[PDB]
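Please find one structure pasted underneath; my questions will follow.
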Amino acid sequence: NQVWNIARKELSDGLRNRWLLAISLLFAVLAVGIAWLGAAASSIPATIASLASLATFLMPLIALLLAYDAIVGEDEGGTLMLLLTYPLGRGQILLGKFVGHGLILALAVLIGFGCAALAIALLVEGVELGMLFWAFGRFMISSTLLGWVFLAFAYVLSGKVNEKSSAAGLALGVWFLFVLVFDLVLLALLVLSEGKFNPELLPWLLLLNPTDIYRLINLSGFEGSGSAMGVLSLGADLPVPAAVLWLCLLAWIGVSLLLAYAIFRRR
Amino acid sequence: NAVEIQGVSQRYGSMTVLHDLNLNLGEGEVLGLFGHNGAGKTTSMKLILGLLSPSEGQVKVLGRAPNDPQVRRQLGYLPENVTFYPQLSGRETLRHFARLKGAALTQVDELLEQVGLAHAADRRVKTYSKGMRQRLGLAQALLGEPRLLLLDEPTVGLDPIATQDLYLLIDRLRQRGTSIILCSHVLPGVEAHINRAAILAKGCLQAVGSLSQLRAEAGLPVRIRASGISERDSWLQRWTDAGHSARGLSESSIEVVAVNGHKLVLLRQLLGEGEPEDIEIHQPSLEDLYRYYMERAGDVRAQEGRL
Amino acid sequence: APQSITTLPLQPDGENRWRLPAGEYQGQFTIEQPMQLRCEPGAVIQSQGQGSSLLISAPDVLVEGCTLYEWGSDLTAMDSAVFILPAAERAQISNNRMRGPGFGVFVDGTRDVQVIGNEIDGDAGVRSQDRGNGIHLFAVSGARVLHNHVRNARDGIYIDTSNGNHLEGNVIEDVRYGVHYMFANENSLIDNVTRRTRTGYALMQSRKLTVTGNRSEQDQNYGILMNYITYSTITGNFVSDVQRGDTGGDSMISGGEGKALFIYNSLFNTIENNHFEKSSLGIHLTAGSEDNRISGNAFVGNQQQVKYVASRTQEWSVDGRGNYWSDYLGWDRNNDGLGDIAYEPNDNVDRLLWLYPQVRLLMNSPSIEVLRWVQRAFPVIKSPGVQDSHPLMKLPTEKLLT
Amino acid sequence: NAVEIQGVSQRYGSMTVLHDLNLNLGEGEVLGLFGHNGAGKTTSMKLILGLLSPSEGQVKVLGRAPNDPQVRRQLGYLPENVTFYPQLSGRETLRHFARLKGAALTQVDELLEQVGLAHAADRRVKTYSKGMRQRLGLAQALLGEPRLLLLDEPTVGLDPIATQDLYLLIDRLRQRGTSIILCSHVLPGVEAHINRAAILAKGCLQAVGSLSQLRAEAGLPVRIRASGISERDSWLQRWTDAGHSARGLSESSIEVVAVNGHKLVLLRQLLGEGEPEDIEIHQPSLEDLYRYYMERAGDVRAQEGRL
Amino acid sequence: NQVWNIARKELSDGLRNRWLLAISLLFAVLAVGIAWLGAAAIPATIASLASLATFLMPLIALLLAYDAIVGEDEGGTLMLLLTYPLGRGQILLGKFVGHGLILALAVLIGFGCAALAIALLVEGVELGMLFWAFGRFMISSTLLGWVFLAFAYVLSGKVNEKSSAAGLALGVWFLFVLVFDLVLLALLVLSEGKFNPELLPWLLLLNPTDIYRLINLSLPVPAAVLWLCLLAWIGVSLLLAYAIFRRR
């Protein structure tokens, strides 16, 4: 198949990016460092909300470092106009780039949360290995999905722009908006209205930010304190179950990938 | 018949940037599109590749549709300026194009021995020069015995020994039976290696044919230096009575100006006689033709040596 | 040293009740018989500057309306203005004016004495180290001290080992200590006001007592200092603007930057509905004094709300209701009085400043400002502090500002 | 004379990258330094500028040392592959170079007209073509009264009218006493305007002189293209036994490699024996003379179709 | 003088940088929004403004001048400029004047609109103390930016490619803003037996972000050494930049 033949390039091109391997080793040495500081103090709901906050800062960052120059980095490099004269479609060199860059994020978080599990089962003596494997299995198959959202965000903002210096400006803008601006606009909307703007709409505004849907999935079982949640304390007011929250994360991929394909189809 | 473009009036924005050309192409000929860097050349090069849709026109590449996968296996294209994948290797990029076009992986080593790149294989593409990327960019276009090359200036940034050798590789493919289309802008230099030329400007196709066909249609003066001749006599001035202007150069030599429809008779006028004795002809070149076809319709020449 | 009968008292009523007319007198005076003597307002009984001016040794003496001036200053022999012996039970000291360099009311071993409505201006020139006490109480059971006005004495209302007594409505201005308490178990004090004082309330080693409704306006370095108080009740106190300074002697306390409440080794006490306003430190909680009911206060305007140098967690909310904090940036979705997120008053970098004072040079750095934000994102590095779930949204002390 | 290089030897470490070069550029001539992209040409091109210093010899640009400020006020230069400040304008970039070279501001709008950039001036430099920026880089080199020009690859990306118009400007300049230097790699297209070439290999200087002196020194053959013969192979078998390497270019066209003692006696056998529709005789070009001198010192010729 | 003729280029080229004008607008927006929340909700607000201008004025300086030397070498104009009547010193010093007056103007739109939001929203601010405490603030914030401007000329001249210049300019920004004081805290809270705290007022002089805050907090050293230590960070690093630029 042609989708795997072009995925094998990006799998062998993203792993030679030295800027990736810096901040993918930074994700590994911080997930050990959070789990080691979480092991000497014990607690359990603080090491989940801090690991999910660590992957809130880095799994969008590795995704946007990979794929900001996926389409426009090939267009001004000349190798995109050549590739369309190969037996391919425009739908195969995007889905192929998504599979190729998607296996990097599936490996960049299997390194990170894999060594985080070995920094708990070899550190916390007498920990429940069944509860550890289940909780970090939910961390693995949902931080990829957060990574695949921002991977599909980067294909949207690469096909729309036509210069790579401006693609890095939009990829930095998307990383600032979804991670630490939407969490602060929602905070400032709640403080300045003193929680009396809307008592039913404001928990549904968490679904317009995939980093907040990501934090709500991993903080399902281990709620604990409210100050560890902060603005995520609105998630107790959401009447939606947990299974739809997986589906609302997958719908953030498929909407932002079909938008990435509809922009690329009229490139 | 390799490329049979027949009646294509391609417009976009209702502007008619490529209006009503009927460009054939033989099975072994090496066509040269020599348009400007505007609406003429690069629009028409896209329609042969099939990545642009012909608005009201049929483009039958290889007797088939221009966007089938069965014809893009038998096609080779090289763009004007490419910097491929600056972290990948030399072999790996070409191996990446090996699986895409479906050629066998044994062919990826002989092409890097064909093009002189085996001394520089297994190295990162960001360490390559501009010449080596053109050397690599040719090597992907020859992948999997292509029956239609499409080169857009394959000679830039390259060593002049290599560019001379590149046309020898083009000549191996012409005798093998692959029609090639060159799209160059360094026109004195590509005229020795084409069989036909298609000069187009202001959208429309101005003229087409071989080099001898264009010189016959466009009346241009020639330079016939003929040293080592007869008595410096009425043999000189008889072409002034035949309709020419014989420059009576001093050391028994003439430079006759002709109109080139009277070309071959003036040769046998002297070569039929016994005193040619190392003459030398200087034809009007490609750019002097290319200047002339703009003066059929379009721009007018500059003033005081500007532009 | 003459006696009270050696004056010229004009009898108004024949129930051993006398009335001294207007006119000056001289020397010390002694009450040995139960005479309920009153005075005209121009009765300036001025001693010469030595000895206790009006000593009382008889029970049930209602001295009223006198005006005493210039008694002694020998603090070792207790030169008071009105000395009350242990046999002088149930003495009434009503509406008197005193000016002299020693003790105002020195009582000891007596029961149910009432020192009411007096104005005791202590001194002006002595260095607040030999001025003598305003209201000195030494092991008294039953006392009732109401609505006095002590000014510029030394250490205000001193109380030593006195069990059951009320301190209601007394004004204390420009003294060293406002109210001093020494081993006064099961005490009570209501609505007293202390102004411009080097320590507003000294609560040393006295258990089971009620501190209610008191006010401390612009005192120096210690608003309410509680040392070793157990089973107490701190309800409705208004501590405002404890500025820095020093007491000058540093004998039992030290100089401070200004603390509105300093809790030292107080194990059990209810500290509710108070108002700690505009000091440098709102409340200082030492490490030995933990696990007491602190709920409903108002920590408004303080430059640093809680100082808690420990690593033990400390919940500050009994029955789900916490305190109002001025810098509480929270919301209230479910329309109750409580906030929705809990409030940690201290960071980890707010306790590095207490542990190491050289980081004050680094206190404006962006890396420190980074380190304040990293705690809000990663709660594993948050040391267990002094948080309260459900803090208040509005001011609970709407009446204490009047 | 303009440039008088008297025996320099530039070396980086202990490797002598330019070994005893000795040039003498006249004040009215156009010279071309043709060499490969290694250390042959580009080290020598900097020694005429002030960018390096001769480790063993000395240069004399216009009878002075090459780093005086009054020398560089009359010395234009144009490097290869220069992209200017992209957020600036076309006019302001030339006005920025105007104050730097000390040229008056009235000469800026003249040179913007002189390179044909007036329609596209006062726009961003990032929305310029590769050929459009080469117009600008030429337009700064003519500032002041430039008595020496170093046009390293001046015609990349230009239109073939503009290429033909650039050497028209050059021929006005060399008649104005302003000697220039080409450094190209595209050898046809500069060979009509080089007054004396200075082809040099990787290490040393091979041969200098005019095009007449090179063809007199190097006994190269001539190319005789006869277009429009009847049959191919019957003529192709005739010259390959007579000692002429003859190929086939199209359905009816050949070329003949003579020895010029054969060129007279073979040309009669085309007009007499048979009838060609056109005859073109090529002189040995600069592209073919480059192959000779590289075979004189450097590598062996590549195999039949490789580079 | 040709040190000004190349400075007029860098004004016209720096003010059309879309990345600079985005950050310089965000610097002016965040300077009013801190001043809005410091009056409605002056030494308390000039310290929080000092933490803002320690974040962004190194970032503004590194966005201007990380591609000053190596961005011209990749563009090919650097090789062209040396053939002009120009020394290598006049190109560097002319870029320092040209890039210097940009962030000397970016604090006049940054704090010129921040002091407007204080002098018109306090109504009785006593502006005689304002124009000397902000006059000491605007002078010391441009000189902090000229340090990281001269740091960017050192780092531009060493590298050969534009991608590794931005990879080092992020590294210089991390080290001198928020790694040097974090490694000062690690020498405090983890070492006390072998760390003399009297030595620590001298180690703030090895960091121009630290010398920037000390002249907005007025301290064992006087004022005149800190101004002469901030200018020494410009004068050494510009002399270092001239020494690197002569070795290309």
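By letter and in written order, the chains are A, B, C, D and E; residue numbering begins at 1 in each of them.
The criterion applied here is as follows: a residue touches a chain if its C-beta (ideal position, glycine included) is under 8 Å from a C-beta of that chain, and two chains touch if they have at least 3 such contacts.
Chemist: Taking touch as defined above, what minimum step count separates chain A and chain D?
Modeler: The least step count works out to 2.
Chemist: Using the average of all C-alpha atoms in each chain as its centre, how far is it in Å between chain A and chain B?
Modeler: That pair's centroid distance is 51 Å.
Chemist: Determine the centre-to-centre distance between chain B and chain D, using the mean Cα coordinates as centres, and give it in whole Å.
Modeler: Inter-chain centre distance comes to 20 Å.
Chemist: Take the average of all CA coordinates in chain A, do the same for chain C, and state the distance between these two points in whole angstrom.
Modeler: Here chain A and chain C have centroids separated by 59 Å.
Chemist: Would you kindly tell me how far, in whole Å, the mean C-alpha position of chain E lies from that of chain B?
Modeler: Centres of chain B and chain E (C-alpha means) sit 56 Å apart.
Chemist: Give me the residues of chain B that touch two or more other chains.
Modeler: 81
Chemist: Considering only which chains touch which, label the overall pattern as line, ring, star, complete or other.
Modeler: Contact map by chain: other.
Chemist: Considering every pair of chains, which are in touch?
Modeler: A-B, A-C, A-E, B-D, C-E, D-E
Chemist: Could you please specify the touching residues of chain E with respect to chain C in the complex?
Modeler: Residue list for chain E touching chain C: 47, 50-51, 54-55, 177-182, 184-185, 188-189, 197, 200-201, 204, 209-210, 213-214, 216-217.
Chemist: State the interface residues of chain E toward chain A in the complex, per the touch definition above.
Modeler: These residues of chain E touch chain A: 18-19, 22, 167.
Chemist: What part of chain A is in contact with chain E in the complex they form?
Modeler: The contact residues of chain A facing chain E are 19, 166, 169.
Chemist: Which chain B residues qualify as touching chain D in the complex?
Modeler: 28-29, 34, 36-37, 81, 113-116, 129-131, 135, 155-166, 168-169, 171-173, 175, 185-189, 192, 195, 210-212, 215-216, 263-264, 267-268, 271-272, 276-283, 287, 290-291, 294, 299, 302, 304-307
Chemist: Of all residues in chain C, which touch chain A in the complex?
Modeler: Listed in rising order, the residues are 329-335, 340-344, 376-382, 387, 389, 393.
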